[PDB]
Amino acid sequence: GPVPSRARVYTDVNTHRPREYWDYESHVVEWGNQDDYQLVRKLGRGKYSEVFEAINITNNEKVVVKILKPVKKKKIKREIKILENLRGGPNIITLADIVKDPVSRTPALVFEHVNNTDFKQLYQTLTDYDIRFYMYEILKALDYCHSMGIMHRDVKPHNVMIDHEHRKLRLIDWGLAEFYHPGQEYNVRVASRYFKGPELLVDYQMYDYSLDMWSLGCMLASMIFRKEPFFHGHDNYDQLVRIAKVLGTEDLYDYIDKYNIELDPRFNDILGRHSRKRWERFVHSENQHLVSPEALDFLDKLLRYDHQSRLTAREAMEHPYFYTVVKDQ
Ligand SMILES: Cc1ccc(-c2csc3ncnc(SCCC(=O)O)c23)cc1
Ligand SMILES: [Cl-]
């Protein structure tokens, strides 16, 4: 069997809370009034939800309504409980209301509206300072949810809403998020392929908050090198290959060895042998204005195979890469 693992930080925050904090099945939802909201237009669709721009007709404010499709209620209750636990935290999307058809019982989450610019258009216009600023806003959200015992597990640009004119960032879609309990074996089928940490790709189930810091590193790399997504595999196996062509295969094998992970024999054929590339190799004239020694040092400390060796969100905020941001706060 593999070697056990426990989070370096916030290990027992849920152990100490009363049962009701993390026991989302027991939670009793307080429902608002469905007739306060009028749907205006469809914004998009998840695999288990559709998202609408809407208007709160009592105050004419814009809101976003996410109608959740007939799925197991346990999944819905977990997202609600997590959103309520984190409400008011820095850069965490605000759940303003929960409503349901009084006759058909179909449930809908009402969120504060963010005037988002789609990242595929926004990112290519961000300056070096913008990237540092928004990375720091995400770290605030992640340190907050991690300190409250919660892993996001789907950190990616699609789940980061940015009202750019107002320098306003919110981390959204807590539908994959989960409470951390030390020693628990979690589903590795989380996050999006390009942002999956190596622990997920090698089926190491005893992961923790540091999963989110890998995803963050992936985002950072795509922003400062202007290469989105940075690690572009065509399936989970190829995804670890793309990581290994950058981080190198030796550190990957050290990781697997350290945790006594039984690596699928298919992997050895396709992983090959790759040196670790210097982060400088990805710098060129089209991204150089976004790259600094600080940026590369910070990136290097997020994108580590060993989840235990990655910066925590709070350590990351201490990094010199953010020196000018912090004075601005
Ligand atoms: C698929 C999709 C469609 C629209 C939006 C969206 C655009 S602006 C905006 N402003 C606040 N929220 C959302 S989504 C609801 C929050 C959540 O699911 O956690 C959006 C986000 C995702
Ligand atoms: Cl953390």
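We count from 1, first residue shown onward.
Looking at the header, which is where the method is noted, we find X-ray crystallography, 1.9 Å.
Here the Cβ of each residue, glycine as well, is placed from N, Cα and C on the backbone.
Annotation comment: Swiss-Prot describes 34-39 as region 'Interaction with beta subunit', evidence class similarity to another entry. Annotation source Swiss-Prot lists domain 'Protein kinase' at 37-322, citing sequence analysis. Sequence annotations record features per position, and here Swiss-Prot assigns ATP binding site to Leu43, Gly44, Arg45, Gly46, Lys47, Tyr48, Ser49, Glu50, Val51, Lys66. Annotation source Swiss-Prot lists active site, proton acceptor at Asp154.
This view paints the features noted in Swiss-Prot onto the structure.
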{"residue": "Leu43", "record": "ATP binding site", "Cβ neighbours (10 Å)": "15"}
{"residue": "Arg45", "record": "ATP binding site", "Cβ neighbours (10 Å)": "11"}
{"residue": "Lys47", "record": "ATP binding site", "Cβ neighbours (10 Å)": "7"}
{"residue": "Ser49", "record": "ATP binding site", "Cβ neighbours (10 Å)": "19"}
{"residue": "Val51", "record": "ATP binding site", "Cβ neighbours (10 Å)": "18"}
{"residue": "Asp154", "record": "active site, proton acceptor", "Cβ neighbours (10 Å)": "21"}
Distance [Cα-Cα, Å, rounded] between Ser49 (ATP binding site) and the residue listed as 'active site, proton acceptor': 16
Length of the line joining the Cα atoms of the residue listed as 'active site, proton acceptor' and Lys47 (ATP binding site), in Å: 14
Additional residues around ATP, ordered along the sequence, whose Cβ is within 8 Å of the centroid of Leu43, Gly44, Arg45, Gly46, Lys47, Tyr48, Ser49, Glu50, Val51, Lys66: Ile67
Of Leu43, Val51, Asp154, recorded positions neighbouring ligand 1, Cβ under 6 A: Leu43, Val51
Maximum Cα-Cα separation in Å among residues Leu43, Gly44, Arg45, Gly46, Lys47, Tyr48, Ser49, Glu50, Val51, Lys66, which the record lists as binding ATP: 14
